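Survey of secondary and tertiary structure
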Protein chains: 4
Amino acid sequence: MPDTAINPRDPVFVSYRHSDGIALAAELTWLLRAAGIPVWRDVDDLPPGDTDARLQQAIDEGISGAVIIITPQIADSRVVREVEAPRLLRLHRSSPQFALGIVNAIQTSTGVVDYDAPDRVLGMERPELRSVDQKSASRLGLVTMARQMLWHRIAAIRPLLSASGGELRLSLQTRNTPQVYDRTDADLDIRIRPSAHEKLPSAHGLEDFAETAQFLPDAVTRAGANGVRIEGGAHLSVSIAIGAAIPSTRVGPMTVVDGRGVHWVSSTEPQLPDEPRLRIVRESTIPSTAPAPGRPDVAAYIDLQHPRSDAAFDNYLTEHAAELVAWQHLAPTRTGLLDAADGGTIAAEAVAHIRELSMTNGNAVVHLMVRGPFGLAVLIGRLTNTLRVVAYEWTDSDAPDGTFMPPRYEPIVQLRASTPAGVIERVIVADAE
Amino acid sequence: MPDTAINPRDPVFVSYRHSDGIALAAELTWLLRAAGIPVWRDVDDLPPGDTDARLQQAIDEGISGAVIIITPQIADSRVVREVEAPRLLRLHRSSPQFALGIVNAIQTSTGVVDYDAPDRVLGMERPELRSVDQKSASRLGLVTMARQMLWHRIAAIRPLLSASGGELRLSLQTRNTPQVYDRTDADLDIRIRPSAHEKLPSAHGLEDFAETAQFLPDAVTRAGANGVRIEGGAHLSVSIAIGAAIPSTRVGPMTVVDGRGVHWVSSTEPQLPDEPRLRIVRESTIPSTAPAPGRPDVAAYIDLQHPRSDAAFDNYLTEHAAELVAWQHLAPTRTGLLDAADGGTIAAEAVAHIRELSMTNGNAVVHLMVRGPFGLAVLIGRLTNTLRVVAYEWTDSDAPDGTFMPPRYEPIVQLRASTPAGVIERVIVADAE
Amino acid sequence: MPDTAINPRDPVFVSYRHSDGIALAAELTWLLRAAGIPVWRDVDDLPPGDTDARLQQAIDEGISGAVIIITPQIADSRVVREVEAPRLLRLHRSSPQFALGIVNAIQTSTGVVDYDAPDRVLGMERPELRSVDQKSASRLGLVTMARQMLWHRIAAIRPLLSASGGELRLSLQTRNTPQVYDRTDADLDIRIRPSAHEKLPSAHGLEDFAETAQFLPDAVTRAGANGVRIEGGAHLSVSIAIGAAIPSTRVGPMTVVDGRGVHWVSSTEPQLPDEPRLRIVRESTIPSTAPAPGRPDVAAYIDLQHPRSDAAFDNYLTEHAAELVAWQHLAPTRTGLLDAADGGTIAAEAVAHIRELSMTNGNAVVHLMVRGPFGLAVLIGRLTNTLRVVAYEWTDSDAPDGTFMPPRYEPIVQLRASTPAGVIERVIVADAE
Amino acid sequence: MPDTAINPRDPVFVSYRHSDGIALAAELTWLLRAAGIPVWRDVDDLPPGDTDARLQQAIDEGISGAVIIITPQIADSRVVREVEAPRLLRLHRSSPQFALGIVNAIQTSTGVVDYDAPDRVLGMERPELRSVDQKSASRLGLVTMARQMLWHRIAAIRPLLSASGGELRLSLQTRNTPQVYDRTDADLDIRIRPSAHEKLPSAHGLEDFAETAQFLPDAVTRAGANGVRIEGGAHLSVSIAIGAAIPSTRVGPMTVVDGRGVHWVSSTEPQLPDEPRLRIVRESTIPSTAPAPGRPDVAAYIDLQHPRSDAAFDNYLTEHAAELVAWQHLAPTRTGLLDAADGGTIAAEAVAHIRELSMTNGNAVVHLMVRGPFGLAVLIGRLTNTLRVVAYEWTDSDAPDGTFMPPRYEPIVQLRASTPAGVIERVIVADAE
């Protein structure tokens, strides 16, 4: 019921019902997942039929925090009344480490949030919910509630992090479907919706990761970790995004582990190494008759794997050579896959090259393309701070209408590592729908 | 009687009442963060759950100090008189080295500080609130009480530093969003408020750091440490500002950790070393009829990155070429990243050229543009004891209205280093907010 | 038995209430700090908490000496009568190594200090407070009681130095604020009030140091130290002043330590060294045509930091070339920071050059004008006994009116080493505020 | 009581009271300090505290000798009667090697010194003070008391000097303030009053030094020490005085160390060295018709500092050239300071030149004038056994009227070494200073 029931790295339960409930709960769960939460949802995973016993067992299995949604349908709904609310409230009142989150959606007549609204909808004989801190069912309010919940989880794990060498562990995948057990032995578990475009990440998911990315630096600095560890490795653009979220400029040498269990460590900041592992395969030369009307643009491409797929990059250049000031394509000079030990130095060389292009060519925004291991993608996205970065993703997929296109690079996000208001400045990617 | 009250490196509590206290509490917590005091406030950090219960566990966890904002609305305070304040009073009565700070907004009709008002509104039958120290409700008063709180924290940590370490660990950060657990295993933890422009320190937070820059050297001299240690990173203008606040003239050897786990040592005052690891890429020799009457302007550009970013500095120069007497560009001779071992001598070399350019040109203010790592910049601010610095940071960000503006250097602080009034003499940055 | 009372390095408590108390004790605190005794003051240092309990704790932690200021308002005030006076008198009765100072501002028709009055005014029925010595609440008597406190401190310390190698330790600063834990492991702590004029010290501070200037040589001779060690980093003019206060004639091998924690040792008495380490960059030649009547004037400027700043020296010359018989400019021959033992040697060389300037112009007062490290300034101040020194402070700061004042030197202090009346013959600077 | 009161180095107590006692106390205190013993006086050196318990502590900690000054007002005072007098008599009775001298301002109606007065006025029951030695309250009686007491101190210190490598150590510092802890690890501690003219030796202090100057050669003889050492350093005129107070024939080897901790050793009776360390710089032939009317006058100038003032000496030459018969100026051959090893040889050469002046011209007094380290001045005074010397001291100070007079030497003292009347025949300086 106390410590035996509460575990800092445990999933978070969400309670809801009906159309407004399902809509707000899906938004809340996706945003919270983008914040790095482990979450438990009924539509996520349940053996149907006697759902009451399964819900009770899942709650008893250890729930780090709770989320409560307030709608009149909640008052009408049976499950929220008795199946889980007594358990959640009991675990709240008994265990301090446990957290209870309540979100109000009915709103008052005037339009202010009602603090005592949960009391009538949940029907508790003793209120204790008005005294509970409550956030409105607005996108800013919802992301603020995710703020508080993620920071609570960081607070809970903080003694363990101080014990475990101060190494904060993150798990990131956009491909993995929603799953409660998707949580690993990791402090934060960032998951983003897999899109129907089968290679692009979801536009809604990247909007949510934009809203929640500002907490990632805050989550890390709350963790009190001298180092940051990332396991998994999402799509290349999302990897650049999570790198920009936690730059080595701010805190920590980042060691990234891929799904293939390879350790990508951090060795240094942007640098041209003594022996260059990368080379300048292709560059651009152009005189500008009208240089930089508005913002200048620099697009660059990185190859970290020996097979060369320049055809799509050539198509991108043919489409957009006029806009970009200069483009550079890099490849590994050494034969064989990039060494795990020297991964940080390879990332340093790549980011140093992109820094050279951007800074010399007018401090222009970088249309970055990374083709390499997800850990290295995170590493380069990590080292870039002063560069405004726009990440592109590989797409060999058909058209949204289902027709053939040439291998095309498409934009995902516009990144800046130093933005307090989220490293994802804009989700430029079009929606799958 | 908890021992955690004795623990000095614990956050300081603030208690304020709704609207009447929101402004005073916000200003007080901002000055506390700027002074280096870790603080827990209602807006930043309520872990989800019961507000009264969460405050209870947060206070029981351990607070070195506590401050109460006396406002007329406390008479109707739902949480203060019930749980928030009685725990504070119990801790105050419990242990000697615990801080209870009183800020009173309920001014007497005469206009003097009202000693009896906090006791009356707090509702405590004991008149101990009259005998406790109490400061007025104004920016100067809030700054003075934050002075007292900082002095109490430093005094509590002083025997620990005298017995072991001999190094005062000041951690300053700008883009860390205000939060209680951002405090690290350090003595004093400086934080500023992040704002929208994503590269300029917030004008309000910068003014707070200006007020507390009177106090930070006092923090050092009260800690009694042989030297000063910094762990973390901040806006590079704030880095120059803290360097001015902690000049080499006062503080021993100063070891600065940039958040990467690598620490920059301080070696030697402004000198041109036997080997010039830093060269002058561009030097200014242009004759004007006379130097501009009034304060002469000097613009020194010191970029420590081999990736050259000349666009923004050239734009600033063309903007101010007529006004400034002379300009100097300093970039490292060696292509590799600068080593931590000689970082102190490198910063000494940079400040030596800055002083050459300033004193040779009529002993003028130096418009400092820095691209170096955090430790090098804070050392550069450290060694500029008599030279006058105005720090600039780069903005690829568009104008506040959204219209593009080319890469620009914009002034943040006007530093007259090592000043009793304050090392940030004027907050020259104009942020619309 | 309280081992804190027998600890001589502990601060000194001053008790004072109301307007007369604040004025008299503020003057007394400035005199005590200028003398070297660390002091604890009400207004400047109250850690936030119950003021009565805070004074209890402050008295408990350690008090080498105590001072009570007596006015009728002292009899009126409850705290001065009750919270601290019983503790002070009890510790005075109990422990031998404790000094209690009683200064009376109440004068009967006779006008002599009222020996009996403090016992009744303080609220103590015992006439013991009459037996203690007393002095008038004027500048002269207050300075006398300050010298008595300093002499008691040195008397208590003397066996400790006699055991600890006979090295008297001082820590002296001009721009740390009124502080209690300012005390390092230093016998005397000379702190001069900073007053809102940046590089310029306070006229009140220098005057108060002047009143206690004669005590410093007396402090050294009472300490029975083979040589004096000074930590610190005061201003350059105050540095010359303090050096002249403890001249090379009276103390012997002196190791002055700056804020950097590097030892500037005393090697040799003024001489022209075998290798000239100072070069006469700019010298004035003129016959004695219309000099200053009676007393000729000479200015010697020494800039030991290689960055040459002759603009303000040029302004000083243009202002005062007429009365000045000659001026000599001293700079180091080789570029860099000058070594410690090299520091003693260059101090000897600089004083030799200044002596040559004074005698060649007819044994004249020297407008000594130093731009160098604190230890060197203290050493040149120390070696100049026969010579008379006028010390400046390098205004590079704008005037309070806002009008631009070119970099200029202010005639702050007139110095004459070995003067029994006071090494600060007259404070030349106007009031800071 | 242990032998801790038998130690001779620790000071001697003097007791006075009220108005008639203060003048005798001042004269006796100054005359003992000129004699060479450290003396403790009430108004001089009482640490802050209750005067009764402070006298308790001062007497109990260590006291070699005592003085009870008998005045008509001693009966009225309470403190003298039972606070320190019975304790001093207790120590006198218990410890044999303790000195208690009695001076009587009470005069018998007949006119002889009153032996029986101290017993009744002091309050003692039994006849005690009649048996102990009694001396009148007059300059001759006071100096006779110093005779007896210094001789007792020397008798006590005789075995210690004989055992510990016989060498009689003296400490001399004219410019130091009245002090009781001024004593060093020295047999005698000669002090003179500080003068308000800020450069001149004090008129009253030098008068007392003249009165007690008979004692010092006798003190050296009675100490039974082959070598005599002077410490602390005093005025160069007083340095010549202290040197001539111990002529060459009466001293043997003399190792003089100033406050600088550099040893000046005595080498030979005045001789001209084979290699002249100090050379003639300007020798003058002065033809004065009818030379030596009565007795002739000679002046000599020995500046041992490489910087040559020469201006005040030129003023002396202009003022007194007519009556003067022959004058000589000696400046060192080697550039810089005078080396420690050859100090005795340099002094011998200088005195050889001085004696050449004082003999070749005729039987004449030399007006000796020194710019040299304390040890060489003392040695020069030592070697002036036969020739009669007048010591000069320079003044750059403004005249007491306030108007300026160019650098000047004033006639301070005329010396004739080894005389029984006193080495200080006259204090030529006025007594107004």
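The rules behind the values
Residues numbered from 1 in each chain as written, not as in the entry; some residues may be left out. Chains lettered and ligands numbered in written order. Heavy atoms only, no water. Helix = DSSP H or I, 4+ residues; strand = E, 2+ residues; numbered from the N terminus. Buried < 20%, exposed > 50% of the residue type's maximum accessible area, 1.4 Å probe, protein only. Contact = heavy atoms within 4.5 Å. Buried area = accessible area lost by both parts, 1.4 Å probe. Salt bridge = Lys/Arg side-chain N within 4 Å of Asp/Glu carboxyl O. Polar contact = N/O pair within 3.5 Å; in protein donor to acceptor, adjacent residues only side chain to side chain. Pairing = 2+ DSSP bridges. Right-handed = clockwise from strand over helix to strand, strands pointing away. Domains from an automatic or database assignment. Nonpolar A, V, L, I, M, F, W, Y, C, P; charged D, E, K, R; others polar. Axes fitted to C-alpha atoms, helices over the stretch in contact; angles between N-to-C directions. Parallel < 35°, antiparallel > 145°, perpendicular 65-115°, else oblique. Left-handed = near helix turned anticlockwise from the far one by under 90°. UniProt positions renumbered as here; feature names shortened; annotations may be inferred. Arc of directions from axis to C-beta. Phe/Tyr/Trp six-rings, centres within 6.5 Å; stacked < 30°, edge-to-face > 60°. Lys NZ or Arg CZ within 6 Å of the ring centre and 35° of its normal.

Per the deposition metadata, cryo-EM was the technique used to determine this entry, at a resolution of 3.8 Å.

As a further point, take the side chain of C:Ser239. Residues and elements named next belong to chain C. With respect to the secondary-structure elements, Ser-239 resides in helix α10 (residues 236–245). Residue class for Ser-239 comes out buried when judged on its relative accessible area of 0%. Among all residues touching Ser-239, those that are not within four sequence positions of it are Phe-374, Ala-377 and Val-378.

This part covers the interface of chain B and chain A. Contact with chain B, which involves 44 residues of that partner, is made by 48 residues of chain A. A buried area of about 3,900 Å², summed over both sides, lies between chain B and chain A, and 46% of it is on carbon and sulfur atoms. Where chain B touches chain A, the interface holds six salt bridges. Note that B:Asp396 and A:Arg416 form a salt bridge whose closest N and O atoms lie 2.7 Å from each other. In this structure, the connection of chain B to chain A is made through 26 residue pairs in polar contact.

Here we come to the pattern of salt bridges. Residues and elements named next belong to chain B. Evaluated as defined, the whole model comprises 93 salt bridges over all chains. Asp-182 is the salt-bridge partner of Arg-191, the closest N and O atoms lying 2.9 Å from each other. Given a relative accessible area of 4%, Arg-191 falls into the buried group. According to the relative accessible area criterion, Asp-182 is buried, its value standing at 2%. With a shortest N-O distance of 2.5 Å, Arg-282 and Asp-314 are connected by a salt bridge.

This next bit is on the pairing of strand β14 (residues 365–371) of chain D. On any regular strand, side chains alternate: one points to one face of the sheet, the next to the other face. All names here are of chain D. Burial runs high along β14: seven of the seven residues are buried. Side chains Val-365, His-367, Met-369 and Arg-371 of β14 all project onto a buried face; the interleaved residues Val-366, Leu-368 and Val-370 project onto the opposite face, where all are buried too. Here seven bridges tie strand β12 (residues 297–303) to β14, and the two strands are oriented parallel to one another. Looking across to β14, one finds that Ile-302 is bridged to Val-370. Judged from the four bridges that link them, β14 and strand β15 (residues 389–395) form a sheet pairing that is parallel. Among the inter-strand pairings, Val-366 is bridged to a residue of β15, identified as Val-389. Since β14 and β15 lie parallel, the crossover through helix α12 (residues 374–383) that links them has a hand, and here it is right-handed.

What follows deals with the interface of chain D and chain C. The partner chain C presents 43 residues to the 44 residues of chain D that form the contact. Surface buried jointly by chain D and chain C totals about 3,800 Å² across both partners, of which 50% is contributed by carbon and sulfur atoms. The partner of C:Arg388 in a salt bridge is D:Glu198, and the shortest N-O contact between them spans 2.8 Å. Counting across the interface, chain D meets chain C through 18 residue pairs in polar contact. Only α2 (42–45) and α3 (51–61) of chain D provide two or more residues apiece to the side of chain D that touches chain C.

Bringing the domain arrangement of chain A into the picture now. Residues and elements named next belong to chain A. Segmentation of chain A into domains returns domain 1 (12–151) and domain 2 (165–433). Centre-to-centre separation of domain 1 and domain 2, based on C-alpha positions: 35 Å. Each partner contributes to the interface: domain 1 provides 19 residues, whereas domain 2 provides 19 residues. Summed over both sides, the interface between domain 1 and domain 2 buries roughly 1,900 Å², with carbon and sulfur atoms accounting for 60% of that surface. Three residues, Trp-30, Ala-34 and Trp-151, lead the burial of domain 1 against domain 2; their summed loss comes to 33% of the area buried on that side. Where domain 1 meets domain 2, there are one salt bridge. Of all the elements in the fold, those that place two or more residues in the side of domain 1 that touches domain 2 are α1 (18–34), β2 (39–40) and α6 (139–163). Across the side of domain 1 that touches domain 2, the residue classes tally to 11 nonpolar, one polar and seven charged.

Attention now moves to the arrangement of the chains. Between chain A and chain C there is no contact, and the shortest C-alpha to C-alpha separation is 28 Å. Regarding chain B and chain D, which are not in contact, the minimum distance between any of their C-alpha atoms is 28 Å.

Residues and elements named next belong to chain C. Taking strand neighbours across the sheet as the criterion, the five strands line up as β2-β1-β3-β4-β5 in an open arrangement whose pairing is parallel. The outermost strands of the open sheet, each flanked by one partner alone, are β2 (39–40) and β5 (134–136). Judged from the six bridges that link them, strand β3 (residues 65–70) and strand β4 (residues 99–104) form a sheet pairing that is parallel. Along β4, the bridge assignment pairs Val-67 with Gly-101.

Residues and elements named next belong to chain C. Considering the arrangement of structural elements, one finds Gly-343 in helix α12 (residues 340–360). On a C-alpha basis, the gap between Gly-343 and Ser-288 in space is 35 Å, while along the polypeptide they are 55 residues apart. Beyond its immediate stretch of four places on either side in the chain, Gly-343 contacts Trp-264, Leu-376 and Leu-379.

Our focus in this paragraph is the packing of helix α11 (residues 343–360) of chain D against α12(D). All names here are of chain D. In the contact formed by α11 and α12, the axes pass within 9 Å of each other and the chain directions differ by 50°. One element, α11, and the other, α12, form an angle in the oblique class. Crossing handedness for the pair α11 and α12: right-handed. Within the contact between the two elements, α11 uses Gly-343, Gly-344, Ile-346, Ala-347, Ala-348, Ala-350 and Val-351 and α12 uses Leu-376, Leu-379, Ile-380 and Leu-383. Of the residues in the contact of α11 with α12, the class split is nine nonpolar, two polar and no charged.

As a further point, take the UniProt feature "domain: SMODS-associated and fused to various effectors" (unreviewed entry) in chain A. UniProt tags residues 218–411 of chain A as "domain: SMODS-associated and fused to various effectors" (unreviewed entry). Secondary structure over residues 218–411 of chain A splits into 28% helix and 24% strand, and the C-alpha atoms at its two ends are 27 Å apart.

Residue and element names in this part refer to chain A. The strand order across the open sheet built from seven strands is β11-β13-β12-β14-β15-β16-β17, with neighbouring strands paired in mixed fashion. Each end of this open sheet is capped by a strand with a single partner; those strands are β11 (278–282) and β17 (424–426). Here the average twist between neighbouring strands, direction ignored, is 35°. For strand β12 (residues 297–303) and strand β13 (residues 329–332), the ladder comprises two bridges, and the chain directions are parallel. Across the sheet, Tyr-301 pairs through a bridge with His-329, a residue of β13.

Turn by turn, an α-helix covers 3.6 residues, leaving residues three or four places apart pointing in a common direction. Where helix α11 (residues 311–320) of chain C is concerned, the buried positions are C:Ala312, C:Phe313, C:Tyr316 and C:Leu317. Seen from one end, α11(C) has its buried residues packed into an arc of 145°, which puts them on one side.

What characterises a pair of aromatic rings is the spacing of the ring centres plus the angle enclosed by the ring planes. With the rule as written, the count across this model stands at 22 aromatic pairs over all chains. Pairing B:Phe13 with B:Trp40 gives two aromatic rings, centres 5.6 Å apart and planes at 40°, and the pair type is tilted. Taken together, the positions of B:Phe13 in strand β1 (residues 12–15) and B:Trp40 in strand β2 (residues 39–40) put the pair 27 residues apart, joining distant regions of the chain. Under the relative-accessibility criterion, B:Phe13 is labelled buried at 1%. Residue classification places B:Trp40 among the buried positions, given a relative accessible area of 6%. Seen in terms of ring centroids, C:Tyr301 and C:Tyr409 are 5.9 Å apart; in terms of plane orientation they differ by 90°. Their pairing is edge-to-face. With C:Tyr301 in strand β12 (residues 297–303) and C:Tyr409 in the loop between β15 (388–391) and β16 (413–416), this pair connects stretches of sequence that are 108 residues apart. Given a relative accessible area of 0%, C:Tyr301 falls into the buried group. Of the aromatic side chains, those joined through ring pairs into one cluster are A:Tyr301, A:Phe313, A:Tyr316, A:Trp327, A:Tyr392, A:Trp394 and A:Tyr409. Its end group placed over the ring of A:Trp30, A:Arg41 keeps NZ or CZ at 5.6 Å from the ring centre. Above the ring of C:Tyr16, the side-chain terminus of C:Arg17 is found at 6.0 Å from the ring centroid.

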